[PDB]
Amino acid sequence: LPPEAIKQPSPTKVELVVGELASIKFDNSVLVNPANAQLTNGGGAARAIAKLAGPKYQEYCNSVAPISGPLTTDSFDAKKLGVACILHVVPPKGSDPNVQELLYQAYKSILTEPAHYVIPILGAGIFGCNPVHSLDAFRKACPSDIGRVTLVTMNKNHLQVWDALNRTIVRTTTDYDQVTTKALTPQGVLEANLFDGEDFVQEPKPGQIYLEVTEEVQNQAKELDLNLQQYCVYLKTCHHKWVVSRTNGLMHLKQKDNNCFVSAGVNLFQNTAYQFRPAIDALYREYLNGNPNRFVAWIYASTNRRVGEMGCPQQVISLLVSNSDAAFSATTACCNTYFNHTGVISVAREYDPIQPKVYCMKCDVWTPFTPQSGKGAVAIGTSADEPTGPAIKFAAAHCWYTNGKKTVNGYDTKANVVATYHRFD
């Protein structure tokens, strides 16, 4: 309570200092004395304080004789050093229940006013307490606004016990290949950019694996055109085992786990003349050689599906084509307007599996067209008519590639066609 010891609230910054009490950099400090009820100052920190405060200090302690609760005392001789006063508390002797509660109510007993505290860690001695409990009791009791605080050790292993108690164990990956377990400070946790699969996480649950979103992660996602939710899905789907198989001139993705929407899209694509942009052609040349894993996982993450779930083959072929060099120019049949078109044609009305069309804004009709450049075009829509070239048919929640002439990788019933490829010749 001495008025010269008061400092107005400030965010607490604890410091754990090495050597003995005489060493400390004081500042009108409250020096804590871990004592017995008779203030004999027998040994430990308590005798080191007693032979610092002087003999008149020790006589006044004998006057007041047995102490039941904490006692505040002037600092006597130690005032020269910057000690405003001395606070006496009786640690529990670490051999009784419950010692860590009494440890906690000992530090609570100490840290009550906004002052600079210097504290020998409680429970030293062979009659003492586990120092990890003491350091833990202290963080449980330390208020958040009580500025600079100094603990005092002389054990040189306690700087680790301290560092560990203020770190949380986090499992992280950039990969879903190698997983790394880290001990992070509440600062390191936010520097880690821990990602849940949905959102960033500033208190990780134990045992759970988090994506550490480095800048290499961000660049990889963007090379693949995925946000981070998608990128996580992508990394995990790379672990699915698939079988691919040369059949009908193309590498086919064996039916499994509702993946037909993928095989149908990739098989149409294989019967066009398009070339993927560099990042994606790298996945694709793996698939074409027997490593379907990355390319297929990219398909699922780009179209927001999970393996086992069944998706849209138009989604797939449109994803593939837009990541390629697909483009053509032409003139309309309705008014001979020149135009350019990249990606698939989405023929929303008047879809004709043997006559591809575009929408003319001028005449407000779905018109055929005469190509001036490019190699072909993919059209998507739905009609019951039959195609005469590479197409995709969808019926009864199954979908499959068919070249124009029966030539099928699935059934040969009546089915809507949902995508067709039209070469220009």
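Each residue number is its position in the shown sequence, starting from 1.
Here the stretch with the larger average CA B-factor, out of 102-110 and 221-229, is 102-110. For the two regions 317-325 and 73-81, the entry's Cα B-factors average higher over 73-81. As recorded in the PDB entry, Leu165 shows the highest C-alpha B-factor of the residues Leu235, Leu165, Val179, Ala301. Per the PDB record, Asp96 has a higher Cα B-factor than any other of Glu309, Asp352, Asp96, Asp281.
Among the modelled residues of its chain, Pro55 has a C-alpha B-factor that falls in the middle third, as given in the PDB entry. Placement of the Cα temperature factor of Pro186 within the chain: highest third of the modelled residues, per the deposited record. Sort the chain's modelled residues by C-alpha temperature factor and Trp242 lands in the middle third, per the entry. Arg423 sits in the middle third of its chain by CA B factor, as recorded in the PDB entry.
Looking at the C-alpha B-factors along this chain, the one for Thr370 belongs to the lowest third.
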